[PDB]
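Quick heads-up: it's one chain on its own, the form deposited in one PDB entry, in structure tokens.
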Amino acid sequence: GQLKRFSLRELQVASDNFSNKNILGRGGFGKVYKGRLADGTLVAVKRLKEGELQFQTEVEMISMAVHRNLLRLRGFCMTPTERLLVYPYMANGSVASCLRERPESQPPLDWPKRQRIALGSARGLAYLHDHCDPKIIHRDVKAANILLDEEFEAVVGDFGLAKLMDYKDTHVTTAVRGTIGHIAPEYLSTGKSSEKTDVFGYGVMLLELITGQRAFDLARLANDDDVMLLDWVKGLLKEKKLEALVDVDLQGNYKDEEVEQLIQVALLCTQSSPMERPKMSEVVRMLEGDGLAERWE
């Protein structure tokens, strides 16, 4: 059949009565917990703690959107109290973590793994926008929200802010949330989200993969550096040298032209004009080889 009906308790224990040394982090609608299941499976679970109904959309999503580069929901928990969402635990955690951390001294993401990540994730997003009945606007595209499987393939996760369109091509009016780093200018400006605001987010996601930096960082301010990742990088055209901009942890890897390629893509996706941004399928194409050299003026 599919779609697992769970009973709070039989997942309090799976989370070892939940809290404490089981917190992968404070989520968007509560907290994320790593538990097991009776048979064996590592799951991560979302717990809610106090309008919304944001829950029921994340639940019947499964029934409208499935794809190997999209986190598949394992199951949920209702209860006339608070509610829960259970996704597979992801072997290698977020792209954020793998860049932001790591533990003891675990290794960094090499450049070709970063290229795969950009590709799969765009593939997952392209599918959301183009091959789903109501189109699905994700609304939280960022490195923290791209998860990695055991083979380090990207899966797009956390569908907390996802919206179902229809409403033709444009527009989904709804209040601005997420963090400052990944919000499109028109979005904050006009309170409207759309596929092109995902594109912007995805293009900032790439800047993170390439630089290793957060999108909005006071530590850069602590210097004479831009608080805004995009701004910082555009310290490219001027001050020559990727080198300084490219993630220090890479040294060994990448060929100049490799990175320049991804950057152009990131740049194309974060243009202030939504109309000139690529569609994600165009993005995939370019990651796939088709039509980047001329995409710009």
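By rigid core we mean the largest C-alpha set that fits within 1.5 Å across both forms. Note that residue numbering begins at 1 and tracks the sequence as displayed.
Keep in mind the form deposited in another entry is missing from the figure; the text below concerns it.
Lining up the core between this form and the one not shown shows that one residue from 74, 83, 123, 129 moves its Cα 2 Å or more, and that residue is 83. Once the cores line up, the CA of residue 228 ends up 2 angstroms or more apart between this form and the one not shown.
With a cut-off of 2 Å and the rigid core superposed, residue 26 has a Cα displacement that reaches or exceeds the cut-off between this form and the one not shown. The Cα position of residue 14 differs by 2 Å or more between this form and the one not shown after fitting on the rigid core.
In the other entry, the Cα positions of residue 148 and residue 228 lie at least 3 Å farther from each other than in the form displayed. Relative to the displayed conformation, the Cα-Cα distance from residue 105 to residue 26 shrinks by 3 Å or more in the other entry.
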